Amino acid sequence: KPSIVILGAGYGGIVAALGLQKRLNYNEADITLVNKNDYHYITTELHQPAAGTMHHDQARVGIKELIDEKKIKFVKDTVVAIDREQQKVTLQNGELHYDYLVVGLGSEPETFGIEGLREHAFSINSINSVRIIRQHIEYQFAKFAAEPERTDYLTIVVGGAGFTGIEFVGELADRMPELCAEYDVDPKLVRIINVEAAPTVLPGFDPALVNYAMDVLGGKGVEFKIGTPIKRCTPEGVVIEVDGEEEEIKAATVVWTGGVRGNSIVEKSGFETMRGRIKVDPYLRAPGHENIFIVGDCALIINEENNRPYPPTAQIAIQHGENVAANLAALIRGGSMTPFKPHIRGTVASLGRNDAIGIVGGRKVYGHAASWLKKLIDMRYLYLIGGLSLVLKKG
């Protein structure tokens, strides 16, 4: 009986696990799934609870509730390192030995050594961290009525106007009315400032969408500062460079959405990595190891359409999962492996709960329609992992 160890119950790991579970049956292999928490979180929805537009329990689901415990042994613990030579994974409260290893430990923030950013800005990357953001923001608003001079309490800076930054400010902007009512704040004093170093918002995207987004978000009070890098970050706010000169923004809340890297454990375990990620072979294995598969944000894959990396996304992470599960079953039953074939469909960026932009099936989409697509597309994933029960449970 071979031992399969899956590190990380995120998009990659969970999907890998649930695949193995459908593809094998009892006693074909040992399958141990390791996650730091006993829940799996819908990472792509985390911007909502961060802003408080959706309760966090809707963006997580219990792992035991998803799996067949006869088929998969679930371990709640925190990975510390990987010994490749000895095929041991060292946990915080024990060790595990594997024949096959699947690594899906996701991303960590990248602050590019920008001063203070690490210590003094928040990140949207877990359930814990979004509850902290959400409550931090509400606390600032509560403090305001008693110190109406401190408009900095009402100023929220979001670093990076990429996909995540936009989604987050959109959620913030929807929420402001309710928030201002709860705490007797004059809406006109609130400042949501999205600060991007590059010359445009959503650098890399179709300008038609960018402009539509800027228009909607500007229409709800979002200010954009473009071509504007963050020189440093403090408990009081950020310092930016405008026209080669330092200007301060006083902001009681600063959130960084400006960059991610491969979970650092991969590098520290001695794999060769680019920006913390592994450039995998065509079956998603780590170079040098015919028995180690890397999934999700830990994996780097070059796109053949251009010659640029594929970006780290849930969409591709899910696909990594399905592939590794199929290919591992093959390995186990002396079947054959199929190399990985990313089929990247389109994505939609939400703009608050009622509006959205995206390119689906080659075609641009907006507003109520775009919103529904995203929701539908996202429901596909729930269905994938928990069937109708789950799709309904998000009811």
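Whichever C-alpha set is largest while still superposing within 1.5 Å between the two forms counts as the rigid core. Just count from 1 along the sequence shown to find any residue number.
The rigid core fit leaves 297-305 as the farther-lying stretch in 4 other deposited structures of this protein, judged by Cα positions and set against 164-172 and 297-305. Annotation: of the segments 113-121 and 96-104, 113-121 departs further from this form in 4 other deposited structures of this protein (C-alpha atoms, root mean square over structures and residues, core superposition).
If you average the C-alpha B-factors over 130-138 and over 198-206, the higher value belongs to 198-206. Just going by the entry, 363-371 versus 46-54 on mean CA temperature factor gives the higher value to 363-371. Taking the deposited Cα B-factors for 59, 348, 331, 351, the highest one is held by 331.
For residue 90, the recorded CA B-factor ranks within the highest third of the chain. Only modelled residues enter the ranking.
When the CA B factors of the chain's modelled residues are split into thirds, the value for residue 118 lands in the lowest one.
When the modelled residues of the chain are ordered by C-alpha B-factor, residue 243 sits in the highest third. Per-chain ranking of the deposited C-alpha B factor places residue 27 in the highest third. Among the modelled residues of its chain, residue 187 has a C-alpha B-factor that falls in the middle third according to the deposited record.
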